[PDB]
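**Q** Next comes work20.pdb, PDB, C-alpha atoms and all ligand atoms:
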```pdb
ATOM      1  CA  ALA A   1      40.646 -27.197  17.894  1.00  0.00           C
ATOM      2  CA  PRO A   2      39.739 -30.510  19.626  1.00  0.00           C
ATOM      3  CA  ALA A   3      41.102 -33.804  18.118  1.00  0.00           C
ATOM      4  CA  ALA A   4      37.540 -35.075  17.437  1.00  0.00           C
ATOM      5  CA  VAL A   5      33.997 -33.719  17.856  1.00  0.00           C
ATOM      6  CA  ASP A   6      30.549 -35.291  17.376  1.00  0.00           C
ATOM      7  CA  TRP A   7      27.457 -33.361  18.264  1.00  0.00           C
ATOM      8  CA  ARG A   8      25.402 -36.599  18.118  1.00  0.00           C
ATOM      9  CA  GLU A   9      26.803 -37.405  21.543  1.00  0.00           C
ATOM     10  CA  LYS A  10      26.236 -33.907  22.901  1.00  0.00           C
ATOM     11  CA  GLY A  11      22.597 -34.614  22.015  1.00  0.00           C
ATOM     12  CA  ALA A  12      22.338 -31.833  19.397  1.00  0.00           C
ATOM     13  CA  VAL A  13      21.271 -34.224  16.654  1.00  0.00           C
ATOM     14  CA  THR A  14      17.748 -35.468  15.815  1.00  0.00           C
ATOM     15  CA  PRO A  15      17.362 -38.941  14.262  1.00  0.00           C
ATOM     16  CA  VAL A  16      18.009 -39.422  10.545  1.00  0.00           C
ATOM     17  CA  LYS A  17      15.015 -38.440   8.399  1.00  0.00           C
ATOM     18  CA  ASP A  18      13.980 -39.436   4.853  1.00  0.00           C
ATOM     19  CA  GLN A  19      13.434 -36.734   2.187  1.00  0.00           C
ATOM     20  CA  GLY A  20      11.896 -39.172  -0.272  1.00  0.00           C
ATOM     21  CA  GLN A  21      11.594 -38.560  -3.981  1.00  0.00           C
ATOM     22  CA  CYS A  22      11.776 -34.772  -3.532  1.00  0.00           C
ATOM     23  CA  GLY A  23      14.703 -32.354  -4.018  1.00  0.00           C
ATOM     24  CA  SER A  24      14.443 -30.845  -0.575  1.00  0.00           C
ATOM     25  CA  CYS A  25      17.887 -31.690   0.847  1.00  0.00           C
ATOM     26  CA  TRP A  26      18.410 -27.931   1.117  1.00  0.00           C
ATOM     27  CA  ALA A  27      15.448 -27.919   3.527  1.00  0.00           C
ATOM     28  CA  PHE A  28      16.767 -30.812   5.613  1.00  0.00           C
ATOM     29  CA  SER A  29      20.250 -29.364   5.965  1.00  0.00           C
ATOM     30  CA  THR A  30      18.637 -26.038   7.039  1.00  0.00           C
ATOM     31  CA  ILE A  31      16.268 -27.581   9.616  1.00  0.00           C
ATOM     32  CA  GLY A  32      19.008 -29.896  10.991  1.00  0.00           C
ATOM     33  CA  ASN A  33      21.278 -26.917  11.559  1.00  0.00           C
ATOM     34  CA  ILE A  34      18.442 -25.009  13.286  1.00  0.00           C
ATOM     35  CA  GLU A  35      17.684 -28.191  15.292  1.00  0.00           C
ATOM     36  CA  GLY A  36      21.264 -28.263  16.582  1.00  0.00           C
ATOM     37  CA  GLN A  37      21.743 -24.488  17.094  1.00  0.00           C
ATOM     38  CA  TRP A  38      18.515 -24.417  19.165  1.00  0.00           C
ATOM     39  CA  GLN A  39      19.570 -27.442  21.243  1.00  0.00           C
ATOM     40  CA  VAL A  40      23.112 -26.074  21.809  1.00  0.00           C
ATOM     41  CA  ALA A  41      21.327 -22.818  22.799  1.00  0.00           C
ATOM     42  CA  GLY A  42      20.345 -24.996  25.860  1.00  0.00           C
ATOM     43  CA  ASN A  43      16.835 -26.128  24.887  1.00  0.00           C
ATOM     44  CA  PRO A  44      14.912 -29.377  24.693  1.00  0.00           C
ATOM     45  CA  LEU A  45      16.214 -30.976  21.475  1.00  0.00           C
ATOM     46  CA  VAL A  46      13.246 -30.879  19.119  1.00  0.00           C
ATOM     47  CA  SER A  47      12.484 -32.014  15.536  1.00  0.00           C
ATOM     48  CA  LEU A  48      11.589 -29.054  13.275  1.00  0.00           C
ATOM     49  CA  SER A  49       9.461 -28.992  10.129  1.00  0.00           C
ATOM     50  CA  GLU A  50      11.053 -29.478   6.714  1.00  0.00           C
ATOM     51  CA  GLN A  51       7.571 -29.345   5.080  1.00  0.00           C
ATOM     52  CA  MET A  52       7.368 -25.761   6.306  1.00  0.00           C
ATOM     53  CA  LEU A  53      10.184 -24.828   3.959  1.00  0.00           C
ATOM     54  CA  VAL A  54       9.186 -27.122   1.118  1.00  0.00           C
ATOM     55  CA  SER A  55       5.623 -25.737   0.835  1.00  0.00           C
ATOM     56  CA  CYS A  56       5.980 -22.169   2.105  1.00  0.00           C
ATOM     57  CA  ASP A  57       9.442 -20.935   0.994  1.00  0.00           C
ATOM     58  CA  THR A  58       8.700 -18.469  -1.830  1.00  0.00           C
ATOM     59  CA  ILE A  59      12.440 -17.740  -2.366  1.00  0.00           C
ATOM     60  CA  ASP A  60      13.096 -21.424  -3.158  1.00  0.00           C
ATOM     61  CA  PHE A  61      11.673 -24.136  -5.438  1.00  0.00           C
ATOM     62  CA  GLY A  62      10.154 -26.559  -2.884  1.00  0.00           C
ATOM     63  CA  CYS A  63      10.786 -30.042  -4.206  1.00  0.00           C
ATOM     64  CA  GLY A  64      12.923 -28.597  -7.049  1.00  0.00           C
ATOM     65  CA  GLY A  65      15.604 -27.425  -4.644  1.00  0.00           C
ATOM     66  CA  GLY A  66      17.009 -24.336  -3.062  1.00  0.00           C
ATOM     67  CA  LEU A  67      19.772 -22.828  -1.023  1.00  0.00           C
ATOM     68  CA  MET A  68      20.188 -23.093   2.758  1.00  0.00           C
ATOM     69  CA  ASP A  69      20.957 -19.345   2.890  1.00  0.00           C
ATOM     70  CA  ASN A  70      17.618 -18.589   1.171  1.00  0.00           C
ATOM     71  CA  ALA A  71      15.692 -20.748   3.641  1.00  0.00           C
ATOM     72  CA  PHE A  72      17.402 -18.805   6.499  1.00  0.00           C
ATOM     73  CA  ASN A  73      16.372 -15.514   4.825  1.00  0.00           C
ATOM     74  CA  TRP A  74      12.782 -16.644   4.302  1.00  0.00           C
ATOM     75  CA  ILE A  75      12.413 -17.844   7.914  1.00  0.00           C
ATOM     76  CA  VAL A  76      13.537 -14.339   8.992  1.00  0.00           C
ATOM     77  CA  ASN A  77      12.109 -12.040   6.290  1.00  0.00           C
ATOM     78  CA  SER A  78       8.938 -13.980   5.803  1.00  0.00           C
ATOM     79  CA  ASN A  79       8.231 -15.896   8.988  1.00  0.00           C
ATOM     80  CA  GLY A  80       9.630 -13.619  11.715  1.00  0.00           C
ATOM     81  CA  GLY A  81      12.408 -16.122  12.541  1.00  0.00           C
ATOM     82  CA  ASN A  82       9.725 -18.761  13.422  1.00  0.00           C
ATOM     83  CA  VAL A  83      10.084 -22.540  12.889  1.00  0.00           C
ATOM     84  CA  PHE A  84       7.200 -25.037  13.329  1.00  0.00           C
ATOM     85  CA  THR A  85       7.654 -28.465  14.927  1.00  0.00           C
ATOM     86  CA  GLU A  86       7.845 -31.570  12.819  1.00  0.00           C
ATOM     87  CA  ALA A  87       4.928 -32.873  15.016  1.00  0.00           C
ATOM     88  CA  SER A  88       2.593 -30.041  14.067  1.00  0.00           C
ATOM     89  CA  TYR A  89       3.687 -29.831  10.409  1.00  0.00           C
ATOM     90  CA  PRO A  90       4.735 -33.373   9.429  1.00  0.00           C
ATOM     91  CA  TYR A  91       6.724 -34.220   6.229  1.00  0.00           C
ATOM     92  CA  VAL A  92       4.429 -35.368   3.422  1.00  0.00           C
ATOM     93  CA  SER A  93       6.352 -34.648   0.144  1.00  0.00           C
ATOM     94  CA  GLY A  94       8.142 -38.024   0.557  1.00  0.00           C
ATOM     95  CA  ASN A  95       6.858 -39.293  -2.814  1.00  0.00           C
ATOM     96  CA  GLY A  96       7.647 -36.112  -4.763  1.00  0.00           C
ATOM     97  CA  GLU A  97       4.704 -33.714  -4.567  1.00  0.00           C
ATOM     98  CA  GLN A  98       4.148 -30.329  -3.056  1.00  0.00           C
ATOM     99  CA  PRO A  99       1.127 -29.574  -0.944  1.00  0.00           C
ATOM    100  CA  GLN A 100      -0.008 -25.981  -0.556  1.00  0.00           C
ATOM    101  CA  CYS A 101       1.408 -23.880   2.248  1.00  0.00           C
ATOM    102  CA  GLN A 102      -0.711 -23.935   5.406  1.00  0.00           C
ATOM    103  CA  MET A 103       0.313 -21.222   7.926  1.00  0.00           C
ATOM    104  CA  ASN A 104      -2.214 -22.040  10.706  1.00  0.00           C
ATOM    105  CA  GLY A 105      -2.631 -25.075  13.029  1.00  0.00           C
ATOM    106  CA  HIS A 106       1.096 -25.675  13.630  1.00  0.00           C
ATOM    107  CA  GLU A 107       3.193 -24.928  16.718  1.00  0.00           C
ATOM    108  CA  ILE A 108       6.492 -23.033  16.798  1.00  0.00           C
ATOM    109  CA  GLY A 109       9.368 -25.187  18.055  1.00  0.00           C
ATOM    110  CA  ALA A 110      12.310 -22.860  17.444  1.00  0.00           C
ATOM    111  CA  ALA A 111      13.187 -19.279  16.570  1.00  0.00           C
ATOM    112  CA  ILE A 112      16.093 -17.623  14.759  1.00  0.00           C
ATOM    113  CA  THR A 113      17.301 -14.069  13.912  1.00  0.00           C
ATOM    114  CA  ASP A 114      19.996 -14.303  11.238  1.00  0.00           C
ATOM    115  CA  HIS A 115      22.362 -16.648   9.424  1.00  0.00           C
ATOM    116  CA  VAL A 116      26.109 -16.588   8.712  1.00  0.00           C
ATOM    117  CA  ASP A 117      28.369 -17.885   5.957  1.00  0.00           C
ATOM    118  CA  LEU A 118      31.640 -19.491   6.973  1.00  0.00           C
ATOM    119  CA  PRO A 119      35.015 -19.487   5.176  1.00  0.00           C
ATOM    120  CA  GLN A 120      36.025 -21.921   2.476  1.00  0.00           C
ATOM    121  CA  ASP A 121      38.730 -23.230   4.779  1.00  0.00           C
ATOM    122  CA  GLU A 122      38.699 -26.552   6.624  1.00  0.00           C
ATOM    123  CA  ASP A 123      40.427 -25.850   9.927  1.00  0.00           C
ATOM    124  CA  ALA A 124      38.312 -22.740  10.132  1.00  0.00           C
ATOM    125  CA  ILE A 125      35.199 -24.894   9.709  1.00  0.00           C
ATOM    126  CA  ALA A 126      36.414 -27.458  12.226  1.00  0.00           C
ATOM    127  CA  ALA A 127      36.859 -24.469  14.561  1.00  0.00           C
ATOM    128  CA  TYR A 128      33.246 -23.213  14.067  1.00  0.00           C
ATOM    129  CA  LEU A 129      31.673 -26.727  14.064  1.00  0.00           C
ATOM    130  CA  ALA A 130      33.311 -27.566  17.414  1.00  0.00           C
ATOM    131  CA  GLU A 131      32.309 -24.277  19.040  1.00  0.00           C
ATOM    132  CA  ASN A 132      28.762 -24.016  17.685  1.00  0.00           C
ATOM    133  CA  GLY A 133      27.492 -27.436  16.604  1.00  0.00           C
ATOM    134  CA  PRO A 134      26.019 -28.879  13.364  1.00  0.00           C
ATOM    135  CA  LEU A 135      26.618 -26.765  10.258  1.00  0.00           C
ATOM    136  CA  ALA A 136      24.539 -26.621   7.114  1.00  0.00           C
ATOM    137  CA  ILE A 137      26.817 -27.512   4.169  1.00  0.00           C
ATOM    138  CA  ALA A 138      26.500 -28.347   0.478  1.00  0.00           C
ATOM    139  CA  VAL A 139      28.220 -31.213  -1.305  1.00  0.00           C
ATOM    140  CA  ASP A 140      28.848 -32.984  -4.509  1.00  0.00           C
ATOM    141  CA  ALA A 141      26.659 -36.032  -3.879  1.00  0.00           C
ATOM    142  CA  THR A 142      27.704 -37.987  -7.013  1.00  0.00           C
ATOM    143  CA  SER A 143      29.724 -40.461  -4.897  1.00  0.00           C
ATOM    144  CA  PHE A 144      27.017 -40.733  -2.202  1.00  0.00           C
ATOM    145  CA  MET A 145      25.008 -42.890  -4.643  1.00  0.00           C
ATOM    146  CA  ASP A 146      27.580 -45.724  -4.534  1.00  0.00           C
ATOM    147  CA  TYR A 147      28.421 -45.274  -0.833  1.00  0.00           C
ATOM    148  CA  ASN A 148      28.281 -48.233   1.475  1.00  0.00           C
ATOM    149  CA  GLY A 149      30.328 -47.462   4.590  1.00  0.00           C
ATOM    150  CA  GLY A 150      33.722 -46.335   5.805  1.00  0.00           C
ATOM    151  CA  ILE A 151      35.733 -43.274   4.945  1.00  0.00           C
ATOM    152  CA  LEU A 152      35.368 -41.794   1.484  1.00  0.00           C
ATOM    153  CA  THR A 153      38.726 -40.526   0.209  1.00  0.00           C
ATOM    154  CA  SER A 154      38.183 -40.672  -3.538  1.00  0.00           C
ATOM    155  CA  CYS A 155      34.946 -38.608  -3.755  1.00  0.00           C
ATOM    156  CA  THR A 156      33.917 -36.935  -7.045  1.00  0.00           C
ATOM    157  CA  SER A 157      34.521 -33.302  -6.293  1.00  0.00           C
ATOM    158  CA  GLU A 158      33.471 -31.373  -9.384  1.00  0.00           C
ATOM    159  CA  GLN A 159      30.010 -29.802  -8.652  1.00  0.00           C
ATOM    160  CA  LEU A 160      27.817 -28.793  -5.658  1.00  0.00           C
ATOM    161  CA  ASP A 161      24.426 -30.497  -5.977  1.00  0.00           C
ATOM    162  CA  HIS A 162      23.315 -31.450  -2.432  1.00  0.00           C
ATOM    163  CA  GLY A 163      22.575 -29.944   0.978  1.00  0.00           C
ATOM    164  CA  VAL A 164      23.631 -32.010   4.072  1.00  0.00           C
ATOM    165  CA  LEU A 165      24.584 -31.518   7.689  1.00  0.00           C
ATOM    166  CA  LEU A 166      28.053 -31.548   9.187  1.00  0.00           C
ATOM    167  CA  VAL A 167      27.883 -32.796  12.781  1.00  0.00           C
ATOM    168  CA  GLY A 168      31.461 -33.801  13.688  1.00  0.00           C
ATOM    169  CA  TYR A 169      34.977 -34.783  12.654  1.00  0.00           C
ATOM    170  CA  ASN A 170      38.092 -36.724  13.699  1.00  0.00           C
ATOM    171  CA  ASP A 171      41.805 -35.840  13.111  1.00  0.00           C
ATOM    172  CA  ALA A 172      42.931 -38.842  15.160  1.00  0.00           C
ATOM    173  CA  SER A 173      42.356 -41.330  12.364  1.00  0.00           C
ATOM    174  CA  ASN A 174      44.211 -42.362   9.239  1.00  0.00           C
ATOM    175  CA  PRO A 175      43.055 -40.436   7.178  1.00  0.00           C
ATOM    176  CA  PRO A 176      41.179 -37.873   9.322  1.00  0.00           C
ATOM    177  CA  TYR A 177      37.442 -37.444   8.530  1.00  0.00           C
ATOM    178  CA  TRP A 178      34.192 -35.434   8.793  1.00  0.00           C
ATOM    179  CA  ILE A 179      30.887 -36.822  10.149  1.00  0.00           C
ATOM    180  CA  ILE A 180      27.982 -35.866   7.817  1.00  0.00           C
ATOM    181  CA  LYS A 181      24.238 -36.558   8.378  1.00  0.00           C
ATOM    182  CA  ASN A 182      22.177 -37.164   5.241  1.00  0.00           C
ATOM    183  CA  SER A 183      18.421 -37.110   4.611  1.00  0.00           C
ATOM    184  CA  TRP A 184      18.173 -40.436   2.780  1.00  0.00           C
ATOM    185  CA  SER A 185      16.958 -42.411   5.837  1.00  0.00           C
ATOM    186  CA  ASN A 186      18.960 -44.667   8.172  1.00  0.00           C
ATOM    187  CA  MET A 187      19.068 -47.424   5.516  1.00  0.00           C
ATOM    188  CA  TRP A 188      21.779 -45.589   3.638  1.00  0.00           C
ATOM    189  CA  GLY A 189      25.517 -45.377   4.489  1.00  0.00           C
ATOM    190  CA  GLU A 190      26.261 -45.853   8.159  1.00  0.00           C
ATOM    191  CA  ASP A 191      22.705 -45.628   9.585  1.00  0.00           C
ATOM    192  CA  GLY A 192      22.094 -42.393   7.638  1.00  0.00           C
ATOM    193  CA  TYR A 193      25.639 -40.982   7.982  1.00  0.00           C
ATOM    194  CA  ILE A 194      28.722 -40.762   5.746  1.00  0.00           C
ATOM    195  CA  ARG A 195      32.361 -40.115   6.671  1.00  0.00           C
ATOM    196  CA  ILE A 196      34.586 -38.344   4.134  1.00  0.00           C
ATOM    197  CA  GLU A 197      38.287 -37.460   4.244  1.00  0.00           C
ATOM    198  CA  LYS A 198      39.007 -34.083   5.920  1.00  0.00           C
ATOM    199  CA  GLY A 199      41.703 -31.739   4.458  1.00  0.00           C
ATOM    200  CA  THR A 200      41.261 -32.207   0.663  1.00  0.00           C
ATOM    201  CA  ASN A 201      37.949 -30.427   0.043  1.00  0.00           C
ATOM    202  CA  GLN A 202      36.360 -33.861  -0.457  1.00  0.00           C
ATOM    203  CA  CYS A 203      33.076 -33.611  -2.423  1.00  0.00           C
ATOM    204  CA  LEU A 204      33.745 -29.838  -2.423  1.00  0.00           C
ATOM    205  CA  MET A 205      32.514 -29.655   1.181  1.00  0.00           C
ATOM    206  CA  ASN A 206      34.075 -26.290   2.287  1.00  0.00           C
ATOM    207  CA  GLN A 207      32.446 -24.324  -0.565  1.00  0.00           C
ATOM    208  CA  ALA A 208      29.009 -23.400   0.834  1.00  0.00           C
ATOM    209  CA  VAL A 209      29.092 -23.742   4.665  1.00  0.00           C
ATOM    210  CA  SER A 210      26.506 -21.766   6.684  1.00  0.00           C
ATOM    211  CA  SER A 211      24.577 -21.681   9.940  1.00  0.00           C
ATOM    212  CA  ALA A 212      21.534 -19.869  11.391  1.00  0.00           C
ATOM    213  CA  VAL A 213      21.853 -17.747  14.582  1.00  0.00           C
ATOM    214  CA  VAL A 214      19.815 -18.071  17.813  1.00  0.00           C
ATOM    215  CA  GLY A 215      19.020 -15.238  20.302  1.00  0.00           C
TER
HETATM  216  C1  LIG B 301      17.146 -21.254  -4.955  1.00  0.00           C
HETATM  217  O1  LIG B 301      17.330 -22.455  -5.752  1.00  0.00           O
HETATM  218  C2  LIG B 301      18.636 -22.703  -6.111  1.00  0.00           C
HETATM  219  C3  LIG B 301      19.495 -21.698  -6.586  1.00  0.00           C
HETATM  220  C4  LIG B 301      20.807 -22.010  -6.942  1.00  0.00           C
HETATM  221  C5  LIG B 301      21.284 -23.328  -6.832  1.00  0.00           C
HETATM  222  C6  LIG B 301      20.424 -24.345  -6.358  1.00  0.00           C
HETATM  223  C7  LIG B 301      19.115 -24.008  -6.009  1.00  0.00           C
HETATM  224  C8  LIG B 301      20.802 -25.683  -6.220  1.00  0.00           C
HETATM  225  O2  LIG B 301      21.363 -26.238  -7.157  1.00  0.00           O
HETATM  226  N1  LIG B 301      20.517 -26.388  -5.013  1.00  0.00           N
HETATM  227  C9  LIG B 301      20.800 -27.838  -4.698  1.00  0.00           C
HETATM  228  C10 LIG B 301      19.587 -28.537  -4.762  1.00  0.00           C
HETATM  229  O3  LIG B 301      18.542 -27.895  -4.675  1.00  0.00           O
HETATM  230  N2  LIG B 301      19.675 -29.886  -4.970  1.00  0.00           N
HETATM  231  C11 LIG B 301      18.546 -30.865  -5.131  1.00  0.00           C
HETATM  232  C12 LIG B 301      18.649 -32.112  -4.237  1.00  0.00           C
HETATM  233  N3  LIG B 301      18.730 -33.134  -3.536  1.00  0.00           N
HETATM  234  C13 LIG B 301      17.182 -30.459  -5.698  1.00  0.00           C
HETATM  235  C14 LIG B 301      18.189 -31.150  -6.592  1.00  0.00           C
HETATM  236  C15 LIG B 301      21.537 -28.023  -3.331  1.00  0.00           C
HETATM  237  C16 LIG B 301      22.603 -27.125  -3.356  1.00  0.00           C
HETATM  238  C17 LIG B 301      23.510 -27.185  -4.419  1.00  0.00           C
HETATM  239  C18 LIG B 301      24.555 -26.284  -4.492  1.00  0.00           C
HETATM  240  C19 LIG B 301      24.701 -25.313  -3.500  1.00  0.00           C
HETATM  241  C20 LIG B 301      23.798 -25.238  -2.428  1.00  0.00           C
HETATM  242 CL1  LIG B 301      23.951 -23.992  -1.151  1.00  0.00          CL
HETATM  243  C21 LIG B 301      22.745 -26.154  -2.369  1.00  0.00           C
HETATM  244  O4  LIG B 301      25.726 -24.401  -3.550  1.00  0.00           O
HETATM  245  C22 LIG B 301      25.464 -23.361  -4.563  1.00  0.00           C
HETATM  246  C23 LIG B 301      25.797 -23.863  -6.002  1.00  0.00           C
HETATM  247  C24 LIG B 301      24.957 -23.155  -7.091  1.00  0.00           C
HETATM  248  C25 LIG B 301      23.566 -22.804  -6.574  1.00  0.00           C
HETATM  249  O5  LIG B 301      22.580 -23.671  -7.178  1.00  0.00           O
END
```
Could I get this file's structure written as structure tokens?
Ligand SMILES: COc1ccc2c(c1)C(=O)N[C@H](C(=O)NC1(C#N)CC1)Cc1ccc(c(Cl)c1)OCCCCO2

**A**
Amino acid sequence: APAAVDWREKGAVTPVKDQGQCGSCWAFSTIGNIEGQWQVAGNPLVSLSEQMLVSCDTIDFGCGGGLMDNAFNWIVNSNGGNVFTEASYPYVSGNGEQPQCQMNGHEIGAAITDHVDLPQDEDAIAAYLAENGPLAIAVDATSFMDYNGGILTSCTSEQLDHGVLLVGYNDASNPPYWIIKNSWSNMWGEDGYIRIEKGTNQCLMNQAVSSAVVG
């Protein structure tokens, strides 16, 4: 594995979005992973629609939450692997509420076929992240609330409550660390991002790692 990766540089990362007062982090993590897997599949990097999932995902609970795996299933089983652009289906549940699903009028910006679950091991993950790009992961976010910058090495790691996106890492560093993109706008952490210690299962990060599949 490389000493450090960061798919933000490779241009696989859309800007930091805001999920608002709605429990749709599961939908951001999902979309962000599909954003990066589609880019890294050699396409124009494009912003995909989180509102699609929030309003239309019948396997999940919209603004009440969900699982990244179940979004991946619903996009395949229910939407023929199709994903609408942000542009054509903009995010509107920012202040907590859940508009009805509208299937028409939007434009497809990305397609998928399957998803995969990755091992609860950290070098393993580092090995998939660096070969494939941003990975949908779930975290204990308890210590994200008080986060203000730098490398978190004393994270509460007792329960998975939050979907986020893993975009890079760095072993050359003391301690080594992961780069994670959040959905709490660029006014939080380090312009939207948080760095946590790598190699201790910080915030239980290796527990629920997944990614969609393109082509
Ligand atoms: C289909 O709806 C479900 C079903 C089971 C759920 C969860 C949602 C769940 O608790 N999801 C977390 C979540 O939705 N967090 C919110 C935020 N921000 C809405 C509160 C975000 C989340 C939390 C934990 C997690 C995953 Cl993959 C996602 O790993 C699985 C741990 C137990 C599964 O908990």

**Q** Enumerate, as a ChimeraX atom specification, the residues matched when the PyMOL selection byres (((not hetatm)) within 10 of (chain B and resi 301)) is run on the file above.

**A** /A:19-30,57-71,136-141,159-164,183-184,204-205,207-210

**Q** Do you know which residues the PyMOL selection byres (((chain A and resi 7) around 8) and not hetatm) returns on this file, as a PyMOL selection string?

**A** chain A and resi 5-6+8-13+133-134+167-168

**Q** Can you work out which one of A:54, A:213, A:101, A:34 has the shortest atom-to-atom distance to residue 83 of chain A, counting all atoms listed in the file?

**A**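 So, comparing all the options, the nearest one is A:34.
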
**Q** Using all atoms listed in the file, can you tell me which of A:16, A:77, A:49, A:166 comes closest to residue 129 of chain A?

**A**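 Of the candidates, the smallest distance to residue 129 of chain A is held by A:166.
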
**Q** For the atom pair atom CA of residue 42 of chain A and atom CA of residue 14 of chain A, what is the interatomic distance in Å to one decimal place?

**A**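 The value is 14.7 Å.
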
**Q** With all atoms listed in the file as the basis for distance, which of A:189, A:109, A:199, A:150 is at the shortest distance from residue 43 of chain A?

**A** A:109

**Q** Could you tell me which of A:144, A:188, A:72, A:177 comes closest to residue 116 of chain A if we count only C-alpha atoms?

**A**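 Smallest distance to residue 116 of chain A is found for A:72.
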
**Q** Which residues are near residue 187 of chain A? Cut-off 12 Å, only C-alpha atoms, ignore same chain within fewer than 5 positions. Put them as a list in words.

**A**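 What passes the distance filter is residues 16, 17, 18, 147, 148, 149, 182, 192, 193 and 194 of chain A.
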
**Q** Using only C-alpha atoms, please write the residues we just selected to a file, as a PDB file, in the frame of the given file.

**A**
```pdb
ATOM      1  CA  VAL A  16      18.009 -39.422  10.545  1.00  0.00           C
ATOM      2  CA  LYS A  17      15.015 -38.440   8.399  1.00  0.00           C
ATOM      3  CA  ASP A  18      13.980 -39.436   4.853  1.00  0.00           C
ATOM      4  CA  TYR A 147      28.421 -45.274  -0.833  1.00  0.00           C
ATOM      5  CA  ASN A 148      28.281 -48.233   1.475  1.00  0.00           C
ATOM      6  CA  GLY A 149      30.328 -47.462   4.590  1.00  0.00           C
ATOM      7  CA  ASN A 182      22.177 -37.164   5.241  1.00  0.00           C
ATOM      8  CA  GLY A 192      22.094 -42.393   7.638  1.00  0.00           C
ATOM      9  CA  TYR A 193      25.639 -40.982   7.982  1.00  0.00           C
ATOM     10  CA  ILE A 194      28.722 -40.762   5.746  1.00  0.00           C
TER      11      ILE A 194
END
```

**Q** Using atom CA of residue 180 of chain A and atom CA of residue 198 of chain A as the two end points, give the distance in Å to one decimal.

**A**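 Between these atoms lies a distance of 11.3 Å.
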
**Q** Give me segment 96-107 of chain A with N, CA and C atoms filled in, as an mmCIF file, keeping the file's coordinate frame.

**A**
```cif
data_model
loop_
_atom_site.group_PDB
_atom_site.id
_atom_site.type_symbol
_atom_site.label_atom_id
_atom_site.label_comp_id
_atom_site.auth_asym_id
_atom_site.auth_seq_id
_atom_site.Cartn_x
_atom_site.Cartn_y
_atom_site.Cartn_z
ATOM 1 N N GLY A 96 7.297 -37.073 -3.712
ATOM 2 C CA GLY A 96 7.647 -36.112 -4.763
ATOM 3 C C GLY A 96 6.840 -34.829 -4.898
ATOM 4 N N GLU A 97 5.650 -34.800 -4.303
ATOM 5 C CA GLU A 97 4.704 -33.714 -4.567
ATOM 6 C C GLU A 97 4.613 -32.639 -3.476
ATOM 7 N N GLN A 98 3.994 -31.529 -3.840
ATOM 8 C CA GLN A 98 4.148 -30.329 -3.056
ATOM 9 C C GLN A 98 2.829 -29.753 -2.605
ATOM 10 N N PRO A 99 2.400 -30.117 -1.387
ATOM 11 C CA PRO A 99 1.127 -29.574 -0.944
ATOM 12 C C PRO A 99 1.220 -28.073 -0.761
ATOM 13 N N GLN A 100 0.073 -27.413 -0.755
ATOM 14 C CA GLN A 100 -0.008 -25.981 -0.556
ATOM 15 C C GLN A 100 0.507 -25.635 0.835
ATOM 16 N N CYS A 101 0.981 -24.409 0.991
ATOM 17 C CA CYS A 101 1.408 -23.880 2.248
ATOM 18 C C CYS A 101 0.205 -23.637 3.159
ATOM 19 N N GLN A 102 0.255 -24.213 4.353
ATOM 20 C CA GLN A 102 -0.711 -23.935 5.406
ATOM 21 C C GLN A 102 0.003 -23.241 6.568
ATOM 22 N N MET A 103 -0.365 -21.999 6.869
ATOM 23 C CA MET A 103 0.313 -21.222 7.926
ATOM 24 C C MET A 103 -0.249 -21.416 9.346
ATOM 25 N N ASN A 104 -1.507 -21.854 9.428
ATOM 26 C CA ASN A 104 -2.214 -22.040 10.706
ATOM 27 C C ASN A 104 -2.005 -23.453 11.286
ATOM 28 N N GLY A 105 -2.578 -23.716 12.461
ATOM 29 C CA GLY A 105 -2.631 -25.075 13.029
ATOM 30 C C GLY A 105 -1.362 -25.686 13.600
ATOM 31 N N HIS A 106 -0.211 -25.149 13.206
ATOM 32 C CA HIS A 106 1.096 -25.675 13.630
ATOM 33 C C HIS A 106 1.565 -25.022 14.922
ATOM 34 N N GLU A 107 2.627 -25.551 15.523
ATOM 35 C CA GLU A 107 3.193 -24.928 16.718
ATOM 36 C C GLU A 107 4.664 -24.648 16.510
#
```
